[PDB]
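# Sequence below, structure please.
(6 chains, ligands or ions: 62)
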Amino acid sequence: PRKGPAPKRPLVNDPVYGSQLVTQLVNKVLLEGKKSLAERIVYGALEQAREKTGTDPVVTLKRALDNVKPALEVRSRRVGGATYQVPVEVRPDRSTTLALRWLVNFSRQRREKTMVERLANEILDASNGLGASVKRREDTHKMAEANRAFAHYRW
Amino acid sequence: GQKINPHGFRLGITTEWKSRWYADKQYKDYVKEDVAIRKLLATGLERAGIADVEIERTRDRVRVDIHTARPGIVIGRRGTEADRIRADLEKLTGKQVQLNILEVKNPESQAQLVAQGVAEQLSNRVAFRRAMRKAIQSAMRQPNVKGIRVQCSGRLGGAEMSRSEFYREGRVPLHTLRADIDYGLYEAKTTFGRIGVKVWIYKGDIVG
Amino acid sequence: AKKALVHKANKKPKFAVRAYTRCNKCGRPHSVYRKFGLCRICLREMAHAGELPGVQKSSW
Amino acid sequence: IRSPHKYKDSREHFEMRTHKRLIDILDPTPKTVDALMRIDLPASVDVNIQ
RNA sequence: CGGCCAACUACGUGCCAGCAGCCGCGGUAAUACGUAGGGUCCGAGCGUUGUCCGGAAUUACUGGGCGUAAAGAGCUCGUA
RNA sequence: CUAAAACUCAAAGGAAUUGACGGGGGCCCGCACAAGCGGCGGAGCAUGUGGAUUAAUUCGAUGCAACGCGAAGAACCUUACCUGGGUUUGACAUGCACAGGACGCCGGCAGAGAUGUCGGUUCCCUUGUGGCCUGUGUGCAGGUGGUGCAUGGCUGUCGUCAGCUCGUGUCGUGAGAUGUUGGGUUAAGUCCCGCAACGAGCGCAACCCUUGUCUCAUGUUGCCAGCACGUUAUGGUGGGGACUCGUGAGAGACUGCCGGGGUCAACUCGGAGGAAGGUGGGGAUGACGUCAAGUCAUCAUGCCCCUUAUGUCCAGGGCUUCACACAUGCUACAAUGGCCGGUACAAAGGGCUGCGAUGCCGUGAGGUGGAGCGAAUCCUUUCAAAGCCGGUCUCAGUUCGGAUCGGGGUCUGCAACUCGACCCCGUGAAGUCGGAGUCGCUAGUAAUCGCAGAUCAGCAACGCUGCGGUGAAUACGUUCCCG
Ligand SMILES: [Mg+2]
Ligand SMILES: [Mg+2]
Ligand SMILES: [Mg+2]
Ligand SMILES: [Mg+2]
Ligand SMILES: [Mg+2]
Ligand SMILES: [Mg+2]
Ligand SMILES: [Mg+2]
Ligand SMILES: [Mg+2]
Ligand SMILES: [Mg+2]
Ligand SMILES: [Mg+2]
Ligand SMILES: [Mg+2]
Ligand SMILES: [Mg+2]
Ligand SMILES: [Mg+2]
Ligand SMILES: [Mg+2]
Ligand SMILES: [Mg+2]
Ligand SMILES: [Mg+2]
Ligand SMILES: [Mg+2]
Ligand SMILES: [Mg+2]
Ligand SMILES: [Mg+2]
Ligand SMILES: [Mg+2]
Ligand SMILES: [Mg+2]
Ligand SMILES: [Mg+2]
Ligand SMILES: [Mg+2]
Ligand SMILES: [Mg+2]
Ligand SMILES: [Mg+2]
Ligand SMILES: [Mg+2]
Ligand SMILES: [Mg+2]
Ligand SMILES: [Mg+2]
Ligand SMILES: [Mg+2]
Ligand SMILES: [Mg+2]
Ligand SMILES: [Mg+2]
Ligand SMILES: [Mg+2]
Ligand SMILES: [Mg+2]
Ligand SMILES: [Mg+2]
Ligand SMILES: [Mg+2]
Ligand SMILES: [Mg+2]
Ligand SMILES: [Mg+2]
Ligand SMILES: [Mg+2]
Ligand SMILES: [Mg+2]
Ligand SMILES: [Mg+2]
Ligand SMILES: [Mg+2]
Ligand SMILES: [Mg+2]
Ligand SMILES: [Mg+2]
Ligand SMILES: [Mg+2]
Ligand SMILES: [Mg+2]
Ligand SMILES: [Mg+2]
Ligand SMILES: [Mg+2]
Ligand SMILES: [Mg+2]
Ligand SMILES: [Mg+2]
Ligand SMILES: [Mg+2]
Ligand SMILES: [Mg+2]
Ligand SMILES: [Mg+2]
Ligand SMILES: [Mg+2]
Ligand SMILES: [Mg+2]
Ligand SMILES: [Mg+2]
Ligand SMILES: [Mg+2]
Ligand SMILES: [Mg+2]
Ligand SMILES: [Mg+2]
Ligand SMILES: [Mg+2]
Ligand SMILES: [Mg+2]
Ligand SMILES: [Mg+2]
Ligand SMILES: [Zn+2]
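Residues are numbered from 1 along each chain as shown, chains lettered A, B, ... in the order given. Ligands and ions are numbered 1, 2, ... in the order given. Next up is the structure itself:
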């Protein structure tokens, strides 16, 4: 990074549907490098959510992504021996990445006794506005609006 | 550790093995007998510096080649040292042994011989300054040699300290594989202990 | 290595389970290769001197 | 190991290469066999007849 | 009988016992402490102590300096 | 304001040079930070160390740079430690003498065993003895006894960082300076521009190996295009280089060409060709020196020390002791899962006093037997595991998890109680993602899952070394932490 920006990998598109978002989701949910098993998890959870909701899986996916993606983030820096929080805008790509990360992390910690079920229910809750990801984004925006007084630092 | 052995480093390209044969079942026997004979000759012969010792083995027959600056004492005009060495070899049971004595063309261009001379001169009385000066002059006198250097370590002059110092004149490209370097060392005797000597000689380049 | 002990080890032991390597050149009991009959440092020295027919630096 | 008395983080690796070649001779003429018998090879090369 | 200063080797105790005009020498391997020989100087004398002169241009008349090393008074008026 | 003496020291001072250092500045690089992944620190287990015991728990190491370290292998030997019985020019070599032709070997008896006493063979040369050892010594052997603050040799770190010097000239008196400074550029004292500097050396880069493509040579124990025999066993068999295959020679990346920036110069951005584009990926490769760094326990060595012992044989025990502490790894804490049945893909390596086929019996360790092999042929299973399909578990201290303790066997060994491994069973403990703090990693990388070798008869092998399968996320940018 010191020399300059490094190249970004050319991510490939999903053949089953045609959305790179599904590929990103499977890559994020990858655990211990079991690609086929993770893909099976994702397909099963998507099918379960589809049969529960009676709508288009990709449509509800973009709905949840747009609902949960953030706009502002808080950064920490110390001036004069005091540690202050400075907010700054975030680019759309990193916004989507953080949205997917939050989706996975808050799907991790549900209590439905089955992960293939927990992921689908978390997706539905995010779509309908009752999701832990939605609460996390609420808190993030609240903190940004509360501590944006230090915006003049602009770092 | 600072530098690895140049001979080992360039064993695959420039220099060749000091001995060659094939043996698997009795490889341990062959190596133990080889080291025994080499140590025996090293202990027996001190007056004449032996530049190199080469052994050639085929089945039971064993051939040994000795390179010395001067064979006058190594082999006597009647065969005194020759038959003493033959008796020693028979005692060590090398089966039938053939002795071949070869004299080096240029004694001053060989690393081991100059090392022996410097070591013995330092041991007896000679000052290291004069020793190194004369050794460098004699070595550089010959046209073939291009670059040389000499290093010594240990107790110099009997002082209660250790001195490491060297002189370099010419080119000594150790890091270049193509360069041909002759490496040799010896341990000189002295009343106050023991001091070592190291020398590097660069002799042209090899292409092919 | 004590020469008494190395000669004793060379001497035929009263039992078959009392035999071991004892590197020939230096008599080091530990870290000795069976095929060569030499220990780590002896193998190092012989290989670097180039007097062992077949050993060479490895780089692949 | 590079050096005695611990210091194990550094080592050295050694190699031993042996090349094996097959010379499948057909029609074993006795003259050829005797020539092979009395031809002398360098000790570096071992010849096995079977 | 370390360098100033012509004159070296061994033996005995090792930060102890001791030397010394200045520089300084001993903390197990001292040409510097004590002893052996060996050498240098001196000789009916040899060394130590005390005093005076020179090297001292280190009270600089012949023969020193005052920005930073010791040295220009805080500045003026004015008697001998 | 004018202004002393006693006493004490061998220096106190002025200028200026090279380093070092700064919570001084300026300009730049590293998984340094930042954005991400996966861990340690909490439980059990396997190793090392400190501490305390014991007669001994042999010795060394001690932040970076010691702590799965010398030990690539502790029932005996290993072993250098403790107890007890012997032993002596000696267990092991050699010269001088004084007595010899036997030393040397195979068995009986006593004994912890060394060891002691008996049974059998006894010189090869030739008159001088050599080889040999049996007694008295003489020298002397013997020491893992001390000294890495006396040394040789070997090795780590600063750091694979890019810097360290010399010849002539020039300036200063002199320690000294220029070359090595400024601008640009690079991974780099790599290169260009003017300059009292002109050149060179050690370093850097290249020359080496492996890996990516292709051409020629090339057919057995290897492969099968096209032809015949197999007929369930697969190139198995006659045949064949039309491609891998293994191993010899050559070509191929050199900013090679085009456009723009650049002093028309270095160098840089983009584009075409091409397997790869701007050192393609990795390894071997440690400049002058610093840490009085580590090593008299690989070896060698100066001095001191023991010599009737601190040398030496043998039996047993110890190096594995425990109310604790630290460090490195394995097993988990469960559903991306445990178990049960079916089911396909790799590489490399080893085999002589060794691998071990088929068959038979054992739950299984393993017992009998043993074809094929000194080895592209025979064994290491057709080299597997994760993977794919079917069933149970419904969130429990659990079908997860396996330690501890009892009851039976196999194997190597004269020798398994201190003190091995494996097989069969009972046994069901702590542990629900973990405190400040801290470590690894930027592409075939992170993570996860297997295989083979060194030391070795048996193994404390979860360590080391190598060979593999599936295979990610992120880098806005140097304000802050370290070098
Ligand atoms: Mg053993
Ligand atoms: Mg060994
Ligand atoms: Mg004197
Ligand atoms: Mg004098
Ligand atoms: Mg005196
Ligand atoms: Mg003394
Ligand atoms: Mg005196
Ligand atoms: Mg005298
Ligand atoms: Mg008189
Ligand atoms: Mg005067
Ligand atoms: Mg005078
Ligand atoms: Mg005067
Ligand atoms: Mg004056
Ligand atoms: Mg004046
Ligand atoms: Mg003053
Ligand atoms: Mg004043
Ligand atoms: Mg004034
Ligand atoms: Mg006046
Ligand atoms: Mg000053
Ligand atoms: Mg400073
Ligand atoms: Mg990096
Ligand atoms: Mg971080
Ligand atoms: Mg942990
Ligand atoms: Mg822990
Ligand atoms: Mg462990
Ligand atoms: Mg210890
Ligand atoms: Mg540790
Ligand atoms: Mg420690
Ligand atoms: Mg380790
Ligand atoms: Mg014992
Ligand atoms: Mg000793
Ligand atoms: Mg001793
Ligand atoms: Mg010791
Ligand atoms: Mg030490
Ligand atoms: Mg440096
Ligand atoms: Mg001048
Ligand atoms: Mg300068
Ligand atoms: Mg210049
Ligand atoms: Mg420099
Ligand atoms: Mg300079
Ligand atoms: Mg250069
Ligand atoms: Mg290079
Ligand atoms: Mg075929
Ligand atoms: Mg250096
Ligand atoms: Mg040291
Ligand atoms: Mg030290
Ligand atoms: Mg030594
Ligand atoms: Mg002893
Ligand atoms: Mg023990
Ligand atoms: Mg231990
Ligand atoms: Mg596990
Ligand atoms: Mg299965
Ligand atoms: Mg069975
Ligand atoms: Mg199978
Ligand atoms: Mg369990
Ligand atoms: Mg389990
Ligand atoms: Mg628990
Ligand atoms: Mg719970
Ligand atoms: Mg925390
Ligand atoms: Mg084992
Ligand atoms: Mg792998
Ligand atoms: Zn050895």
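
# got the contact list for the longest helix seen in chain C?
Secondary structure of chain C per DSSP state H: the longest helix is helix C:40-49. Helix C:40-49 is contacted by residues B:4-5, B:7-8, B:18, B:31, C:23, C:25-26, C:28, C:31-33, C:36, C:38, C:52, C:55-56, D:1, D:4, D:12, D:14 when judged by C-beta atoms under 8 Å, 6 or more residues apart in numbering or on different chains. (C-beta placed from N, C-alpha, C; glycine too.)

# Just to check, residue C:57 is in contact with residue B:9?
Yes - counting by C-beta atoms under 8 Å, residue C:57 does reach residue B:9; the two are 7.2 Å apart.

# Look at the two and report which has more neighbours.
Taking other C-beta atoms under 10 Å in any protein chain shown, residue C:57 and residue B:9 do not tie; residue B:9 has more neighbours (19 against 16).

# which SSE is residue B:132 in?
Using DSSP states H and E, residue B:132 sits within helix B:128-141.

# Enumerate the positions of that helix that are buried.
B:128, B:131-132, B:135-136, B:139 (16 or more other C-beta atoms under 10 Å in any protein chain shown).

# Note down every partner strand of the very next helix or strand once past that helix and its orientation.
Reading on from helix B:128-141 to the C-terminus, the next helix or strand found by DSSP H and E is strand B:147-154. Applying DSSP bridges, strand B:147-154 is found paired with strand B:163-169 (antiparallel), strand B:193-205 (antiparallel).

# Highest mean neighbour count across these, which stretch is it?
strand B:193-205 (a mean of 17; mean count of other C-beta atoms under 10 Å in any protein chain shown).

# got the residue ranges for the strands in the chain?
The chain I'm using is chain A. A:72-79, A:82-89 (DSSP state E).

# right idea, wrong chain: chain D
Under DSSP E, chain D gives strands at D:14-15.

# can you list the domain ranges for chain B.
B:16-105, B:106-208 (CATH domains of a matching chain).

# out of these, which comes closest to residue A:43?
domain B:106-208 (57.6 Å; C-beta to C-beta).

# Now find how far off-centre the closest one is within its chain.
12 Å (C-alpha atoms, centre = their mean, to the nearest Å).

# circling back to that earlier point, now restrict the contacts of helix C:40-49 to buried residues only.
Restricting the contacts of helix C:40-49 to buried positions leaves B:5, B:7-8, B:18, B:31, C:23, C:25, C:28, C:32, C:36, C:38, C:52, C:55-56, D:12, with burial counted as 16+ other C-beta under 10 Å.

# Looking at those residues, which are in strands?
residue C:56.

# for chain B, longest helix please?
Every helix in chain B considered (DSSP H), the longest is helix B:27-44.

# hmm, stretch A:44-57 in reach of RNA strand F?
No - using C-beta under 7 Å from any atom of the strand, stretch A:44-57 stays clear of RNA strand F, with a minimum separation of 8.9 Å.

# Tell me the buried residues in that stretch?
Quick answer for stretch A:44-57 (16+ other C-beta under 10 Å): A:45-46, A:48-49, A:53, A:57.

# next one: stretch B:169-182
Quick answer for stretch B:169-182 (16+ other C-beta under 10 Å): B:172, B:179-182.

# Could you single out the nearest of those residues to residue A:79?
residue B:172 (57.1 Å).

# for chain C, what spans make up the helices?
Counting by DSSP H, the helices of chain C are C:3-10, C:40-49.

# ok, the last one near ligand 62 or not?
The one in question is helix C:40-49. Yes - using C-beta under 5 Å from the ion, helix C:40-49 reaches ligand 62 at residue C:42.
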